[PDB]
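Okay, structure first, notes after.
Every number for a ligand or one of its atoms is a count from 1 in the order of the listing. Heavy-atom basis, side chains included; hydrogens, waters and symmetry copies ignored. Letters go in sequence order (proteins before strands), and every chain restarts at 1.
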Amino acid sequence: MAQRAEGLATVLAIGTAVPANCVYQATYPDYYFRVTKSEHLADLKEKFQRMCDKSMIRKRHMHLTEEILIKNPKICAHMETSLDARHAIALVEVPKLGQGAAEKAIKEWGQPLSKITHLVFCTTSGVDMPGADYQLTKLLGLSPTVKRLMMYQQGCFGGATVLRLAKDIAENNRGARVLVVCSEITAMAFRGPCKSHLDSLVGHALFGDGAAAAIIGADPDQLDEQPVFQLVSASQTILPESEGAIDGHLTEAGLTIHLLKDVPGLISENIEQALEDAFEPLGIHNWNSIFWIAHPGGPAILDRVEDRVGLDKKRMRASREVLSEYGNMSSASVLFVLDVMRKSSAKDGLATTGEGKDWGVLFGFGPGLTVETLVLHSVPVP
Amino acid sequence: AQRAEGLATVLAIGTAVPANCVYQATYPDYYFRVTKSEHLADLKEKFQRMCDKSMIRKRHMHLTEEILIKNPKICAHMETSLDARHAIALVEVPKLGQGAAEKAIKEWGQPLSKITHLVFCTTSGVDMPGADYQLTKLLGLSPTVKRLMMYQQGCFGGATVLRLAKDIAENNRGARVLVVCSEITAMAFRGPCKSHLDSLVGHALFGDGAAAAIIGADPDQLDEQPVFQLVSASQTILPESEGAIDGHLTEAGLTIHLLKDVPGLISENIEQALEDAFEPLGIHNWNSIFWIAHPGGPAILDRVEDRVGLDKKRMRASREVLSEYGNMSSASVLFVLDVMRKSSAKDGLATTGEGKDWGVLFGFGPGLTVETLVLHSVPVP
Ligand SMILES: CC(C)(COP(=O)(O)OP(=O)(O)OC[C@H]1O[C@@H](n2cnc3c(N)ncnc32)[C@H](O)[C@@H]1OP(=O)(O)O)[C@@H](O)C(=O)NCCC(=O)NCCS
Ligand SMILES: CC(C)(COP(=O)(O)OP(=O)(O)OC[C@H]1O[C@@H](n2cnc3c(N)ncnc32)[C@H](O)[C@@H]1OP(=O)(O)O)[C@@H](O)C(=O)NCCC(=O)NCCS
Ligand SMILES: O=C1C[C@@H](c2ccc(O)cc2)Oc2cc(O)cc(O)c21
Ligand SMILES: O=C1C[C@@H](c2ccc(O)cc2)Oc2cc(O)cc(O)c21
């Protein structure tokens, strides 16, 4: 009873990092078909051009350069034996990018490394033992007694999952300060285009690299810590009739994506039930009276959710800015959206970190099809 | 009032193994025959001495000679074989987990609708959606079950799922956590090689198994009967242990690397783990507590027994699991917990923990990581 915290798990800091290499969407169909030596696939290239034109992405950050692809031609093939070459990149770069994000969150938070009691590391980009959690513990110099959770092969709802894990840890352990880190490197999934896998082609229009980190704790110090958001509740559901809508396989040829059914339609037709299950207990029913942190999976998911739920254009603005500037960074994306939301809220002189609203919703979407729903509370901005 | 009041408790434990049983006495001959490695006579003699010292009687293995004949790339030391291994393990991991979970759910006796959370742990393959999703479908759990998928975890995973379940169960009023650890050696099984004697060690020790438990805080007085209480959970990276246990998921499947004195590293650090866990409770006699030690192999249990000064009885449940199942990675400690309460009841002892009040559970794995849980027994009539 005295070993547990009293109040709600709170986000006390958010930091983000991306590879320096920036790939512009306007020139990407030419780049992708040239470096994979696929320019004879002219009809496929035109299909890819239309996907990039509709993507609502301006740029992505990618560790993978043409120099790396030239040294790894089997990564350029659609489905060649290449997992070992991909792991040799991702098992180093995932924790290093995570280090970049974690250092920025720790600097914002301003407390000593010794106060971090727990680490949750989440990725979809390769697996190893010991894990990225161990590697980051060594890179940052965390205490050897840090309690670690290594969340591997999670997918796009992982950002929601690490907040749900951190909420229970922070609330149940007095003094606990949880470092959460999501880090994604597309070198695990990047491959040449193929007419038989148009879903892989969609992935190559959307997926980017990035890492995000947060410090989560309950009972924040009034003077030395600064709340950004509160984590109120977390729910998860498998959508009806969604079997196989999003599958991801780690194979001899790296990570491959498989899409069936209508992912935007399945999510959009179930989202209102997720909102009601989360918000009815709080007496909230106007979805325009809350701020929105939607996983920016792609423009069709944000468009169909906005349309079906009846959102004003401003609700999806922060999610769309992440999509525009970074693409889909799988598990890291929602932490980027949280960061954009609080920064743009303060910049626009609004009264709270959540666009001047009190209550907010965070959605992750991924394989299952799984929807993770978190209720958030904003904090006042001076 | 959204949070639980009391301690996370184990309310049920179930286990399952593949029916295929491989006897250790005949295993060096079987292993060298099915990997077509009979020309490696000096390697076979080294393997025979590893099996003789293993203190394993039998292991359960999904992989049969019929499956190995259909998958010759798996029999080579290092051929491209991850896809063939995944085709087996991505189906059998959740299916074996189902077997363990159904037995724990039967012991518990509550409706499936009471299960609010699922934690699935494996070291045997990865996929999206995960084994957590597959098991949700196999059991008929509610679509609103809150899942944690713990992939590529290693031998401390059994301790980690209890640490996770403790925080979930204590922080969520009414929460009932199903935890499942399930391991299939099809991911790691390969032919022998003179350059990789640590792989030979793995082939002497690793077996298949799944274990499940139901965890909850504030057990219903009428409907639920506790087995063990989860008091505290700690984790540490051992000093000077960099590279002691590495595990790579490669084009050729899961490969193990041992690059130190694993038994010496664990035994040199275990007393400090005991003191960190038990000094706050005023406990100093390590023979006054029950022991749930990950049966990583006989040298770990021997060196810990020797360094800490344990009576032979303390490691008995851990050695029975090693004997009857081998090292089942993350599942092993839940097998030991089950053996401990069953043999405690059979011997007419006054608690689930060999008649003791307090116990310790240790997982060991890559890092080198040691996970330490403090347990409390419950009275037995
Ligand atoms: C791809 C995308 C950015 C642009 O598509 P759009 O706005 O629908 O535009 P259009 O449908 O007019 O054209 C896009 C092309 O992509 C194709 N396409 C879209 N989704 C596809 C899929 N899953 N598999 C195959 N092709 C697909 C269309 O068939 C079309 O090809 P065409 O021009 O040769 O007919 C958009 O469809 C999208 O956001 N997709 C959903 C997001 C998503 O699935 N996220 C998953 C992340 S896990
Ligand atoms: C393998 C084991 C059963 C053999 O028992 P033992 O008492 O060491 O037996 P011996 O020393 O008489 O012989 C064992 C043989 O295995 C070899 N061996 C043991 N551990 C080894 C390792 N990590 N790498 C390579 N060879 C190893 C020994 O050198 C010896 O070979 P030899 O006959 O050519 O000298 C025992 O050492 C053990 O329990 N080790 C496992 C502990 C462990 O690391 N488990 C990790 C799982 S996570
Ligand atoms: O195949 C992939 C790629 C992966 C990914 C994206 C961005 C990044 O930087 C790294 C990995 O995200 C995914 C997320 C899924 O739910 C299913 C998937 O199949 C995949
Ligand atoms: O390579 C393996 C095999 C794996 C395993 C054991 C039993 C089983 O049934 C399935 C997988 O356990 C491990 C545990 C480790 O800490 C490191 C490892 O490298 C491995």
Side-chain angles (χ1 to χ4, degrees), chain A residues 43 46-57 60-63 90 94 123-125 129-130 154-158 183-190 197-203 205-210 245-250 254-260 262-264 267 295 297-304 323 327-333 365-367 370, chain B residues 59-62 89 93 122-124 128-129 153-157 182-189 199 202 205-209 245-248 253-258 296 326-332 364-366:
Chain A
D43 289 351
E46 294 173 359
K47 276 186 147 295
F48 193 59
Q49 181 75 53
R50 291 188 288 276
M51 296 173 175
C52 291
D53 291 340
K54 301 317 185 300
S55 65
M56 306 309 302
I57 298 174
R60 293 173 281 171
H61 293 260
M62 281 176 193
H63 175 81
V94 164
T123 188
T124 314
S125 299
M129 299 188 294
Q154 294 290 298
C156 309
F157 63 72
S183 182
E184 302 285 17
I185 296 286
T186 52
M188 287 305 302
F190 180 87
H197 291 121
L198 296 180
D199 42 358
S200 170
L201 205 56
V202 170
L206 299 180
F207 290 129
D209 298 359
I246 306 166
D247 291 350
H249 304 308
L250 186 64
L255 180 59
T256 61
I257 192 170
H258 307 272
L259 306 179
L260 283 171
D262 175 1
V263 166
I267 296 173
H295 173 64
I301 292 175
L302 300 180
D303 294 347
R304 296 288 296 285
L323 180 61
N328 180 338
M329 292 168 300
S330 182
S331 63
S333 300
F365 312 127
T370 296
Chain B
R59 289 174 285 170
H60 295 258
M61 277 176 198
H62 173 83
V93 163
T122 192
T123 317
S124 300
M128 296 190 290
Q153 296 287 302
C155 309
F156 63 73
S182 180
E183 303 283 20
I184 294 289
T185 51
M187 288 306 309
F189 182 86
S199 172
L205 294 181
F206 293 128
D208 296 1
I245 305 166
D246 296 342
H248 308 303
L254 181 59
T255 62
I256 190 167
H257 309 273
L258 307 173
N327 180 341
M328 290 169 302
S329 184
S330 61
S332 298
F364 316 126

Query raised in the report: Is the closest heavy-atom distance from A:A205 to ligand 1 below 4.0 Å?
Result: no
Report task. Would you check if B:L254 and B:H248 make a side-chain contact, meaning some heavy-atom pair closer than 4.5 Å? Result -> no
Report task. List the closest protein heavy-atom neighbour of atom 2 (C) of ligand 4: residue, atom name, distance to the nearest 0.1 Å. Result -> B:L254 CD2, 3.6 Å
Query raised in the report: Is any side-chain heavy atom of B:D246 closer than 4.5 Å to a side-chain heavy atom of A:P130?
Result: yes
Query - A:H295 side, atom NE2; A:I301 side, atom CD1 - distance, nearest 0.5 Å - result: 6.5 Å
**Report entry** Per-atom contacts of ligand 1 with A:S55, taking only distances under 4.0 Å to non-hydrogen atoms
**Finding:** 3 (C)
Query raised in the report: For atom 45 (N) of ligand 1, which protein heavy atom lies nearest, and how many Å away is it?
Result: A:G297 O, 3.5 Å
**Report entry** ligand 3 atoms in contact with A:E184 (distance to a heavy atom under 4.0 Å)
**Finding:** 8 (C), 9 (O), 10 (C)
Query raised in the report: Side-chain contact, heavy-atom cut-off 4.5 Å: A:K54 with A:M51?
Result: no
Report summary line: For atom 48 (S) of ligand 1, the closest protein heavy atom turns out to be A:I246 CD1, 4.2 Å
Query raised in the report: Only one of A:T370, A:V263, A:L260 clears side chain to side chain contact (heavy atoms under 4.5 Å, CB included) with A:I246; which?
Result: A:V263
**Report entry** Closest to atom 3 (C) of ligand 1 among A:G298, A:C52, A:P299 (heavy-atom distance)
**Finding:** A:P299
Query raised in the report: Does atom 16 (O) of ligand 1 have a protein heavy-atom neighbour under 4.0 Å away?
Result: yes
**Report entry** Close approach of B:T122 to ligand 4, heavy atoms, under 4.0 angstrom
**Finding:** no
Report task. Determine, using heavy atoms of B:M187 and all atoms of ligand 4, whether some pair is separated by less than 4.0 Å. Result -> no
Query raised in the report: Which residue holds the protein heavy atom closest to atom 25 (C) of ligand 1, what is that atom called, and what is the gap in Å?
Result: A:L198 CB, 3.6 Å
Query raised in the report: Which ligand 3 atoms are under 4.0 Å away from a heavy-atom of A:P367?
Result: 16 (O)
**Report entry** Plane angle bin for A:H197 and A:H258 - parallel if under 30°, tilted between 30 and 60°, otherwise perpendicular
**Finding:** perpendicular
Query raised in the report: When rounded to the nearest 0.5 angstrom, what distance separates OG in A:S331 from CD in A:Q154?
Result: 7.5 Å
Report summary line: Under 4.0 Å from one or more heavy atoms of A:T256, ligand 3 contributes atoms 19 (O)
Requested in this report: Could you tell me whether the side chain of A:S125 and the main chain of A:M188 form a donor-acceptor pair under 3.5 Å?
Outcome: no
Report task. Please indicate whether any nitrogen or oxygen in A:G208 is less than 3.5 Å from any nitrogen or oxygen in ligand 3. Result -> yes
Query - Nearest option to atom 15 (C) of ligand 4, as decided by whichever heavy atom of B:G209, B:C155, B:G247 sits closest - result: B:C155
Query raised in the report: Between atom OG of B:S332 and atom CZ of B:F156, what is the distance when rounded to the nearest 0.5 Å?
Result: 14.0 Å
Report summary line: the protein heavy atom lying closest to atom 43 (C) of ligand 1 turns out to be A:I301 CD1, 4.0 Å
Query raised in the report: Which ligand 1 atoms are under 4.0 Å away from a heavy-atom of A:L259?
Result: 23 (N)
Query raised in the report: Which ligand 1 atoms, with their elements, are less than 4.0 angstrom from a heavy-atom of A:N328?
Result: 47 (C)
Requested in this report: Quick one: pull up CG in B:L205 and CE in B:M328 and give me the separation to the nearest 0.5 Å.
Outcome: 12.5 Å
Query raised in the report: Should A:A300 be counted as touching ligand 1, given the test is an N or O pair under 3.5 Å?
Result: yes
Query raised in the report: How does B:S124 reach ligand 4, if at all, at less than 4.0 Å between non-hydrogen atoms: by side chain, backbone, both, or neither?
Result: side chain
Query - Interfacing atoms of ligand 4 (cut-off 4.0 Å, heavy-atom, B:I184) - result: 9 (O), 10 (C)
Query raised in the report: Does the protein put a heavy atom under 4.0 Å from atom 28 (C) of ligand 1?
Result: no
Report task. Could you tell me whether atom 20 (N) of ligand 1 has a protein heavy atom closer than 4.0 Å? Result -> yes
Query - Nearest protein heavy atom with distance in Å, relative to atom 6 (C) of ligand 3 - result: A:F207 CD2, 3.4 Å
Query raised in the report: A:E184 versus A:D209: any side-chain heavy-atom pair under 4.5 Å?
Result: no
Requested in this report: Could you tell me the separation between the CD1 atom of A:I57 and the CZ atom of A:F207, rounded to the nearest 0.5 Å?
Outcome: 9.5 Å
Query - Option set A:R50, A:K54, A:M51, A:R304, criterion heavy-atom distance to atom 5 (O) of ligand 1, minimum - result: A:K54
Report task. Identify, for atom 35 (O) of ligand 1, the protein heavy atom at the shortest distance, and state residue, atom and that distance. Result -> A:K47 NZ, 4.2 Å
Report task. Find all atoms of ligand 3 within a distance of less than 4.0 Å from any non-hydrogen atom belonging to A:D247, and give their numbers and elements. Result -> 19 (O)
Query - Shortest non-hydrogen contact between A:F365 and A:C156, atoms and distance - result: O-CB, 3.1 Å
Requested in this report: Compare all side-chain heavy atoms of B:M128 with those of A:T124 and state whether any distance is below 4.5 angstrom.
Outcome: yes
Query raised in the report: What is the closest protein heavy atom to atom 17 (C) of ligand 3, and at what distance does it sit?
Result: B:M128 CE, 3.8 Å
Query raised in the report: Identify the closest protein heavy atom to atom 20 (C) of ligand 4: which residue and atom is it, and at what distance?
Result: B:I256 CD1, 4.1 Å
Query raised in the report: Which residue supplies the protein heavy atom nearest to atom 1 (C) of ligand 1, what is that atom called, and how far is it?
Result: A:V202 CG1, 4.2 Å
Report summary line: The protein heavy atom nearest to atom 5 (C) of ligand 3 is A:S330 CB, 4.1 Å
Report task. Please work out whether any backbone atom (N, CA, C, O) or any side-chain heavy atom from C-beta onward of A:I257 is under 4.0 Å from ligand 1, and answer side chain, backbone, both or neither. Result -> neither
